[PDB]
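So the structure is just underneath, and the comments pick up after that.
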There are 2 protein chains.
Amino acid sequence: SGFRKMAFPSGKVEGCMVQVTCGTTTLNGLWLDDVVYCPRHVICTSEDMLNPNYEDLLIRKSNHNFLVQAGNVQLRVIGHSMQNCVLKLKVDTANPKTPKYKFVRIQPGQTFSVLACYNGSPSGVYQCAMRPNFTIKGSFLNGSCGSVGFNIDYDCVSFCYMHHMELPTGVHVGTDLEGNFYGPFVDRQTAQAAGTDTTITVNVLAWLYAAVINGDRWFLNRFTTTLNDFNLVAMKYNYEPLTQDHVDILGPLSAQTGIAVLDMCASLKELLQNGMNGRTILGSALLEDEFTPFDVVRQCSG
Amino acid sequence: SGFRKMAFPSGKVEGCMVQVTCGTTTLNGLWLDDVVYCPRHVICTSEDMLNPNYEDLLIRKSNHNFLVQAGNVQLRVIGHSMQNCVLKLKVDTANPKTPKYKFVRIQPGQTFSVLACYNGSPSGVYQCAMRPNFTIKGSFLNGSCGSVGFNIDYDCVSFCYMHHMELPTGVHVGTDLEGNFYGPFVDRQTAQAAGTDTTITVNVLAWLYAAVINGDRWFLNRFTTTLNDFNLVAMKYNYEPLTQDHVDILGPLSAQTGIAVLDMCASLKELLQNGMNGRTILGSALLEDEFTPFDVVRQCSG
């Protein structure tokens with residue numbers, strides 16, 4: 001037992017991380033087969049980032065302007081291409097360490113592991129959620145751009161995130177591996193509004209189930225509720241509205257615990273309206289929304 | 001910016017994890033050079049764990065009773081030995097993936113990454129602290145025994161923990177890699193008292209520094225305190241007493257922030273006596289003690 005915010009083992013991704021240099025700027029890239037993926041702002045000076053014309057800036061670069069280094073190995077760049085906001089550098093060598101992989105565009109509220117890297121070298125791994133407003137609350141310093149987020153499904157690494165920018169607000173934004181930003185953001189150093197965030201209700205419910213499974217039951221109450229009544233409270237507290245799809249996803253956890261989804265909603269309602277009276281749930285004094293129903297089942301069944 | 005509970009990249013450790021089977025019991029082992037390390041209770045039935053005589057139980061085993069599997073590879077066991085509470089199985093092949101490594105006995109209050117494994121396969125990685133009372137609050141299911149905790153220092157993996165048991169209280173206990181338990185625990189299924197825990201004060205101070213660095217400054221106050229006055233409050237709140245060694249370790253963080261250690265102690269005092277008034281610090285509604293001063297500096301300087 002016990003419940004931890006758990007990342008995926010990072011080895012498979014560690015083998016794909018490289019350093020990419022173009023003029024003065026250095027950041028991380030992802031080396032899969034004979035392609036290196038990295039943020040296209042690797043081609044920008046710090047002055048350029050105020051208002052870059054990426055097409056013009058890239059036209060001034062040739063294959064040999066891109067300096068790609070895997071550990072001490074140098075890769076030879078034989079093609080370059082811009083797809084949305086990623087650069088794809090064709091290199092002459094297939095990464096011997098390419099895992100089985102897919103590129104996926106995750107949905108807001110889903111979770112993934114981030115391997116934070118600097119200069120193409122891994123620093124740490126942590127689990128995080130794509131917020132409803134498509135930001136992430138990460139740990140990313142200068143040089144972390146191009147670090148990637150992923151999930152693992154048996155043997156297969158599903159890459160879902162490439163880090164591009166820190167907003168002035170301190171939250172993080174980035175793209176899928178086809179270079180499309182999550183959310184309304186652009187790769188330019190301007191004020192950008194993320195817009196209102198909300199709490200991922202189905203994940204909070206999943207974590208309350210996790211808590212019941214682990215012995216934390218103090219929040220179970222004698223009430224129930226309706227979907228529409230619960231959603232009136234969700235709206236007041238800036239929780240995402242609960243739908244039947246969410247109810248369905250919680251089914252297995254409802255079955256394991258013998259607690260009906262709508263009864264758990266009633267417990268949650270009481271916590272929203274009354275707080276936690278200084279108590280804790282799985283060591284948190286707040287309601288945790290960074291576990292999905294799948295995260296909880298994985299962790300509970302090994 | 002941003003501050004996350006960050007594990008070390010696990011690849012180097014993933015390559016050393018194997019499955020060890022002896023009679024019916026299967027758990028994880030650590031394959032380094034030509035030795036496999038695993039918990040000695042791999043030789044126990046579930047009945048044996050009430051009161052095992054490990055010497056007698058092992059005398060009934062031969063090299064060929066130990067079934068060691070790395071992925072699909074089978075290792076051949078050519079020697080077996082019990083050191084304290086670990087078994088050391090000599091195998092005929094050196095692990096080609098042995099990283100540079102050391103075995104270390106960490107001190108209470110230090111942190112490490114855990115690669116949680118089942119059947120010799122990695123499931124997840126997370127960061128945790130050795131509690132003052134030498135337990136850990138992990139996520140460990142049946143089959144996770146032999147999973148290991150580690151730190152990485154450049155190229156070198158310092159293994160510090162092997163998981164052995166879940167206490168009835170739900171906390172986790174284990175050994176260093178020489179097989180000596182941390183704390184007063186034994187590898188027997190009996191009630192075992194962990195004894196009073198306390199909060200790792202120097203780590204809470206380190207995390208308040210982390211918060212200042214990241215913009216969370218609301219808790220900075222106009223007071224200061226003495227070491228002895230602060231320690232009178234620490235004792236009341238079951239915080240470890242602060243010493244000058246701890247003050248010294250916080251020096252670099254005091255320097256970066258321009259906040260004297262004793263002034264940060266005064267902020268902490270006020271939080272202990274007044275709570276957090278429903279506020280948060282780095283997204284936590286509680287005082288976090290699972291970051292060491294070194295953890296904070298690593299994360300702040302990449």
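Within every chain, numbering begins at 1; the chains are lettered A, B, ... in the order of the sequence lines, protein sequences first and strands thereafter. These values consider heavy atoms only, across backbone and side chains, with no hydrogens, waters or symmetry-generated copies.
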Classify the ring geometry of B/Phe8 against B/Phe150: parallel below 30°, tilted from 30° to 60°, perpendicular beyond 60°.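 Geometry flag for B/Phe150 against B/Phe8: tilted rings.
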
Report the relative orientation of the aromatic rings in B/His80 and B/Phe66; use parallel for angles under 30°, tilted for 30 to 60°, perpendicular for over 60°.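 The rings of B/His80 and B/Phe66 sit tilted, inter-plane angle from 30° to 60°.
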
With sequence neighbours excluded, what pairs up with [X] under the side-chain hydrogen bond (donor to acceptor under 3.5 Å, both in side chains) test?
X        : answer
B/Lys5   : B/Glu288, B/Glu290
B/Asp48  : B/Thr45
B/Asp176 : B/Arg105

Less than 4.5 Å apart, any side-chain heavy atom of [X] and any of [Y]?
X        : Y        : answer
B/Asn119 : B/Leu27  : no
B/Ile136 : B/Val171 : no
B/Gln83  : B/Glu178 : yes
B/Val296 : B/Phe3   : yes

Exactly one of B/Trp31, B/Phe103, B/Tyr101 should register a ring pair (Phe, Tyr, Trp, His ring centres under 6.0 Å) with B/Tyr37. Which one does?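 For B/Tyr37, the ring pair (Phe, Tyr, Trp, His ring centres under 6.0 Å) check succeeds only for B/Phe103.
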
So which heavy atom on [X] is nearest to which on [Y], and how close?
X        : Y        : answer
A/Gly2   : B/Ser139 : O-OG, 3.5 Å
B/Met49  : B/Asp187 : CE-O, 3.7 Å
B/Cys160 : B/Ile106 : CB-CG2, 3.6 Å
B/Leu115 : B/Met17  : CD2-CG, 4.0 Å

Taking everything shown except B/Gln107 itself, do over 12 heavy atoms lie less than 6.0 Å from its CD?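 Open: at most 12 neighbouring heavy atoms sit under 6.0 Å from CD of B/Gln107.
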
For the residue pair B/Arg4 and A/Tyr126, would you count it as a cation-pi contact if the rule is NZ or CZ under 6.0 angstrom from the ring centre and within 45 degrees of the ring axis?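 So B/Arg4 doesn't make the cation-pi contact.
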
Reported CG-to-CZ distance for the pair B/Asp289 and B/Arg131, which is rounded to 0.5 angstrom: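 CZ of B/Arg131 is found 4.0 Å from CG of B/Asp289.
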
Could you tell me the separation between the CG atom of B/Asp197 and the CD atom of B/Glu240, rounded to the nearest 0.5 Å?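 Going from the CG atom of B/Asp197 to the CD atom of B/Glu240 covers 10.5 Å.
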
Side chain B/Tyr161, main chain B/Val173, donor-acceptor under 3.5 Å: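 Yes, because the side chain of B/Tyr161 sits within donor-acceptor range (under 3.5 Å) of the backbone of B/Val173.
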
Do side-chain atoms of B/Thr98 reach the backbone of B/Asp33 as a donor and acceptor pair under 3.5 angstrom?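 Here the side-chain-to-backbone pair exists.
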
So, [X] and [Y]: side-chain donor and acceptor under 3.5 Å apart, yes or no?
X        : Y        : answer
B/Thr175 : B/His164 : yes
B/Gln110 : B/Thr292 : no
A/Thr111 : A/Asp295 : yes

